[PDB]
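*Asks:* Below you'll find the structure I mean.
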Amino acid sequence: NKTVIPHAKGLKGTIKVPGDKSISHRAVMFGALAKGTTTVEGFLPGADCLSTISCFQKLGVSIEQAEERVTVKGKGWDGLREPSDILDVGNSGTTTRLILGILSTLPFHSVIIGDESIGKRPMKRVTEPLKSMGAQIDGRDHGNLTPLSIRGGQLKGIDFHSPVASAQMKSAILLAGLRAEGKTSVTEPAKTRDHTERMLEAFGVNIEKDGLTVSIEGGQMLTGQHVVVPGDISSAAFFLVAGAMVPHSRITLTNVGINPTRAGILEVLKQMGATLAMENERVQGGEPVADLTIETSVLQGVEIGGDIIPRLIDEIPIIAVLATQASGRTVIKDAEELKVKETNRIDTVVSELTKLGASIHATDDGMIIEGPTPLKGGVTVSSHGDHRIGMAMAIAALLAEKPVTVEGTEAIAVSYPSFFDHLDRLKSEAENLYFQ
Amino acid sequence: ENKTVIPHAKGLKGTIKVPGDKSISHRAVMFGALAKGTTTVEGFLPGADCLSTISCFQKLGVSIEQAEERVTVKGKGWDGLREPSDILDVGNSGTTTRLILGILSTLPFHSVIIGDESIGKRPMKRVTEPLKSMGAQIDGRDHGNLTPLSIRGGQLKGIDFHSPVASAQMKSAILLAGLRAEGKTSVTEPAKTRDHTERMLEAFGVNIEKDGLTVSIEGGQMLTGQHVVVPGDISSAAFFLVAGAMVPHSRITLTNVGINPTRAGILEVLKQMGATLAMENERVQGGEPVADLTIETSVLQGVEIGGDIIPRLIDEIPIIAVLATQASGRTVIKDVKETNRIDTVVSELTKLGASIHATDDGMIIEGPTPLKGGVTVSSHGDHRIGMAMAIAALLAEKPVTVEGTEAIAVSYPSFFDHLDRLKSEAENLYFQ
Amino acid sequence: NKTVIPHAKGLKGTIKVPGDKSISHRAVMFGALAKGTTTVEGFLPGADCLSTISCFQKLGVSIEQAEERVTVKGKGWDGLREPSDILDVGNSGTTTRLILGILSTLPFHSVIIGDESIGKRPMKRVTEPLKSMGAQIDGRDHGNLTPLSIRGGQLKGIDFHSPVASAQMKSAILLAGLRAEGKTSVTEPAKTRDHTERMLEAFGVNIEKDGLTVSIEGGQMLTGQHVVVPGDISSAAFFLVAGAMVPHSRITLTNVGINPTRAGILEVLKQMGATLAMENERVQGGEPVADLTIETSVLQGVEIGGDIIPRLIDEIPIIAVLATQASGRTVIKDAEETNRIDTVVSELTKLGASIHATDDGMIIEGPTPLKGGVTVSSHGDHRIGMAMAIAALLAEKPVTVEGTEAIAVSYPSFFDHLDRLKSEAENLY
Amino acid sequence: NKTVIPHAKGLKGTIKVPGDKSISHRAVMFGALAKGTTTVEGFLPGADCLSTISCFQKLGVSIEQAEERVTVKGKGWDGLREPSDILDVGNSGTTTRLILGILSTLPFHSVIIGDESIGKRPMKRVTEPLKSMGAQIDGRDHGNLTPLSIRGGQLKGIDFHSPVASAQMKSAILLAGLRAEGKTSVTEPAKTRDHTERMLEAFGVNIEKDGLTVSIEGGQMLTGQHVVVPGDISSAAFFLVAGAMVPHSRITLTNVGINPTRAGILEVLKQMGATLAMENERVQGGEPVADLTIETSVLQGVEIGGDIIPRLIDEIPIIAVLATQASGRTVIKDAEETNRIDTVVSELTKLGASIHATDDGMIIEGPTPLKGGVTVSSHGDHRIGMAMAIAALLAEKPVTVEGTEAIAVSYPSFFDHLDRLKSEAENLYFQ
């Protein structure tokens, strides 16, 4: 249904956001390929990550997952049996592409299928480079579409130049070369998420990191690990921006992932002039982690573009909200080179936030967000089934004088169950904090 | 409680429609999907297997509409089979697996097949190797031998195939794959085998050539929509034929039964034994021989069963065994699972008080023997042994308990209902 | 949803129609109440009868059912135990009404509920009389609607007179009478379905009957019977009317129930001068059964009214079709489901027939050839869909029959049996 | 199944434990009888508490619920309609007893049923008093077992005396006495959970207590409240105890409810001397809530019985573990089900601890370092498995715990919260 949302008198307390999706996926896949038991804490246990588990369980690996905790009794490649079942990818694009790399590594036959939606997402960009490595891959629309059949094994390294930049593709090819013979090299136009690169090293593998081109030597051995999964930045960002905007706020998000390739918001917040702080910075993967603390801030407009855009793409709608309370003008530029799935978000956020009373319009390559503007409520705003719009809108409502009806909150409860619960106990602690 | 108590029958009178033929039901649907025009199946077997065949072809883009025993298959040639976005689920059906493979090899896109646990243990390599020799890219578990299998069907070149094994499912696959290949495709085997695929395909407007031991198809001909009235499955029909032959005061008409000689082996044994049997209304529906059989309490003579016949009556050996117990003198049947069948058939009938004995390649039955109840007989989860025992219990003085009845209820749900119906009609006609 | 139906060149063959729904219900119920095993052949395995089985199992009766054969390890009243589960009736009007009577006998607590459909049908007509007999019954809308709660036990016989004519009602009270103290008597306006009467006798209970008045004494035993369920004339009727009208037809329907309170269709056929044979009359458990043979006849219009209407109600839609091919005026009157008559009229009329409704029924006229090429709906009522289907067998140009799911649910093999009849005619000719 | 647990290096952090079961049940129930909307926060979305929601949804009440957040559109008693469905109570004893009360209020027919479990639990101790009030209740075993049928309405108050202490039974009769005529009274040999009284007071109803006897006039009006459900002391107990035992530990437990009728372990903590802070002392929806803070403390053995025992019954397993590390003769004594305590002893001595069993309670002696390397079962009981789990955080070498799949039911994230305290002391440890 809908949620009606009042304005917040304040936000205070500590919160653990649910663990990073990308890291949780990889923590599992890598543990399966490794020798000796891997354990996973802070595991994001959603449909996609549960799909990954199910897939490897069918490949023979003994995995026990109990809420946020996972234990993977890996025995290396030598203990992955040929599946007598179809591997069901569910809704996970991550699982599909990375496991396509891994299955090309294996000297047996496998079939991949997922749901309605995954059968419209093109896979050709990944099957082609893998056929090049010596992998027999056929499927719907000549291997472009689900379902896909795969026999791998005796695989050969490859240098590979790529036109479009994509982290999932990279990760597939890297995992495939992990059991190949010789140099396997990936090259892209943009730099992009390094989770595969980082986590591999924490498992006991060496990668190249050469400028714009990453490479791997097969065949190295993966060992069992103890993986503490960092919080998802994308989920933290909702609270960070709330903490910044909402009067009388002081929020501490613990164990948040700080991977420079995804923590672009943390740079935006800082340059806008947020009272932001990091604490206890570590490297738990692989991945850098910190405890973020924000409190009510006086913000300023900031021009955002270039190499920053690729590193904060999920935080565009929430930054749109944040900019509403910043003095002067903020600009998003170089969004022209974004998927229609993201160009649509921008367009709706623009109109949703306008319904809420802000000065904001769409541009050729992003949006301009103008002035500090008090948001007025007494209106319905829709999440359009996109959890990122719902959530951003949800926190935008915390500033609105008069009630705001956010509809389509179903999509939020799917992705991030306790979003409103966490929000509610920040409002409770702040009300319990004002006493005589 | 998985056991029925079966009392001796005082008589058996009536008419019965046994369930459709499984082989013909499958193919009606399949060849339907390959033809131009509306095929209409009547008396179709709505079992799990045949329902699986329907499903796979729906998943291939073919419009198919099924109620109870009535099927409609709409259009539309090869030109209307679209590349599946779903896994084609074969379920339990060996037939769907094997025949559809032949057909899938004929199509220029990608298909996957899987089934349940059972099908995932049955070796397919016997079919996949031939089709690969025709040009088909077929991979699968255990190097294309076990489910799940993946199929890409390129431009297909014909083949002169030779096989050490006699297999009708294997033959069907290659003939079907030969349908849209170029240049004559031929299968040769040791024994002559079931000929449903050739007959029906022939009735669907296709031409098969037959030079004894070798069958061949010239690609690529058209198939036309047909009205297929599925004939009664003889294996089921056999159980009534035998009961009717034996129990005093019996007379059973069985309407519209597939009479095909590659499976009608029991019809020739009945004749040989001097059973009172009648064929009436024999015609041919959509390639398949069919007539209504009528049988009455007979005076049977022992006979030798062996050679060519065995293939064409294999499934009836258990019931034939019972038929034999009532024939005068010796009746021999000669020529892993077949031997396990034979043994328990022998075992059971023996405690019913028959003189039957097992041999290396079959069994020997002696004389006319009154069967006796008061014993519990088991089917070891074999519907064929179950039913055959059921019928034998109809002869025994004292009651006979037949454990393992749920196997029957799965193959032939209305089997005991049909028996009961004949038992009652005989008591109602006994108004002297 | 639909079926397209062409005219029939002929209909030849034998059919076993499904068990009578009413007898099938009762043989389970009486089996459960009786000492000794009861066995049931020809049982109708539809959703309703299975609900009946479901319920008595929850009362603790061992019942093993497969296709059309039931076994009931009946062990008497002593043998029914207090349910820990809710008794679920699904969609079954019979089960609900009758079980209410039975449960008013049993000295413990029980709860009845059904689906949405039963949850709308009123129960006051049965609950009120049983309450006056001594049973504690409460429920939604002051015991008028499910869920109903019942504590039965020590009942005292009533002399019941009703303004309604209902066999479920009569059966409830008669069943409560079985263990009630003294004499329970039901007097009804019309006479009605007497299956409850005939089967109590077949199970060994002395039931006294004047006309319209039936009485019963507690507390007689019931003995396990072997029950052969007769065919529903309700279904047989579609095939009898089919045989009567379609040229080149010769149909035999085996083991069909001819109970006179329900054989109204036969009276009409015979009065219309149909070529009807009733062979092998028997009585199976107090139930008159016979083999019927019909062949293409030259029917005449007849006047259907008065005492017969009650005996042929469910068959009015099919008789309406029958009258379409009869030579002359045929009147149905003294009827008062009055919307059910009207759809029959509407559809048949757009089929080319010459029907009209009256206030007391309808008037159908002459032998009218029927023109297809048009679409007619069952309106979820299965009987309209089957009447319409066999009407279709007679019509030049095809007829689409909307809502064949309803048919398919209540008579799965109905269209297959038709096919089989048309098939066999092709072979002869 | 089973989970392997090594020793704890140290426990540091802030934790919000799940909502209180009893308050979650009541928030919905009372909200359904109230006039005007009732919003609940901190709701425990367990099986039992969702069963309450189910039941009132079938009584006509519009209720939205999503994870820990619940909205109840109350329209007073007049808004409850006669049910067309059976009221399904699932496995919930609370729901069963407290609804029998509420339904007795209602001038229509209603049927209750639950699982094989509820089906075996006696109800005569609740239905008999309710009938005295004018309620008509029939059911299996002469009103003593599920399913039960009820028609209510015209109710007259009763002076009721119970020979058995039961919160549920008290709650039922009070709830019925909310729409009865005159003064309804309940008197029982001991005093037990008083959540019904507090909540009702908070929803605007006058409950008069004269120690031992509670009484209510009717009909008073219930008004829609904002109800922040406090954390469950029974589940906070497992973290207070672990904190007091593990070397270098300092844990804050946000918004835990401090009801004296269940805060027995807190009295035991301060009597054992353990360092225990108590910030933010406030009363919320009639319930007293506080923020608890425990650090690693020196434990002293203490005598426990009679006065303070009835109000800590569930915590006995966990307190038995807390005594393992307390110096000296620490004994609990009262038998008044108690089969739980029998099993605790077997497993603990198996770990290498000093516990014998006595006529009513048990003896615990000295501070004993526990040894690990054995399998301990909980027999499907969650209160053991949890106590047994946190116990294993002291002994080294794997201490395999069984019945863990029963823990994941009453407390989904128990082992997660636990894990998060170990690994946040990995990150607090940097010079």
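Going from the start of the chain as shown, residues are counted 1 onward.
So this one's X-ray crystallography, 2.8 Å, going by the header.
Cβ coordinates are placed from backbone N, Cα and C, and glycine is handled just like the others.
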*Asks:* Return the residue out of D:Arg282, D:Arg311, D:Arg383 that Swiss-Prot annotates for the same phosphoenolpyruvate site as D:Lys21, D:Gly93, D:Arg121, D:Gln168, D:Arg340.
*Replies:* D:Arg383
*Asks:* What's the end-to-end span in Å, taking the Cα of D:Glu336 and the Cα of D:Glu337, for the 5-residue unmodelled region?
*Replies:* 8
*Asks:* For the binding-site residues listed here (D:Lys21, D:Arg121, D:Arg340, D:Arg383), tell me which residue's CB has the most neighbouring CB atoms inside 10 Å.
*Replies:* D:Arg383
*Asks:* What same-chain residues, at least 6 away in sequence, bring their CB to under 8 Å of the CB of D:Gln168 (phosphoenolpyruvate binding site)?
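*Replies:* Sequence-distant Cβ neighbours: D:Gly93, D:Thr94, D:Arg97, D:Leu98, D:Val126.
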*Asks:* Taking the Cβ of D:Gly93 (phosphoenolpyruvate binding site) as the centre, count every other Cβ atom within 10 Å, in any protein chain shown.
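*Replies:* Around D:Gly93 (phosphoenolpyruvate binding site), other Cβ atoms within 10 Å: 16.
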*Asks:* When the Cα-Cα distance from D:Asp314 (active site, proton acceptor) is computed for each of the binding-site residues D:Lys21, D:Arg121, D:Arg340, D:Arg383, which gives the smallest value?
*Replies:* D:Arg383
*Asks:* Suppose we call a site close when its Cβ is under 8 Å from a Cβ of chain B; which of the recorded positions D:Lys21, D:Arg121, D:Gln168, D:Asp314, D:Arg340, D:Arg383 are close?
*Replies:* none
*Asks:* Secondary structure at D:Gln168 (phosphoenolpyruvate binding site) (DSSP, helix/strand/coil)?
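*Replies:* Note: D:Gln168 (phosphoenolpyruvate binding site) is helical by DSSP.
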*Asks:* Among the recorded positions D:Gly93, D:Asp314, D:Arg383, which ones place their CB within a distance below 8 Å of a chain C CB?
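*Replies:* Listed in sequence order, the recorded positions near chain C come to none.
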*Asks:* Where does D:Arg121 (phosphoenolpyruvate binding site) sit by DSSP, helix, strand or coil?
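*Replies:* In three-state terms, D:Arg121 (phosphoenolpyruvate binding site) counts as coil.
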*Asks:* Report, as a single number, how many Cβ atoms besides its own are within 10 Å of the Cβ of D:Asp314 (active site, proton acceptor).
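*Replies:* Other Cβ atoms within 10 Å of D:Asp314 (active site, proton acceptor): 16.
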*Asks:* Would you give the longest CA-CA distance, in whole angstrom, between residues of D:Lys21, D:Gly93, D:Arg121, D:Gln168, D:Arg340, D:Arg383, the set recorded as binding phosphoenolpyruvate?
*Replies:* 21
*Asks:* Under the DSSP assignment, what numbers of helix, strand and coil residues are found in the expression tag (D:425-431)?
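*Replies:* Within the expression tag (D:425-431) the tally stands at 0 helix, 0 strand, 7 coil.
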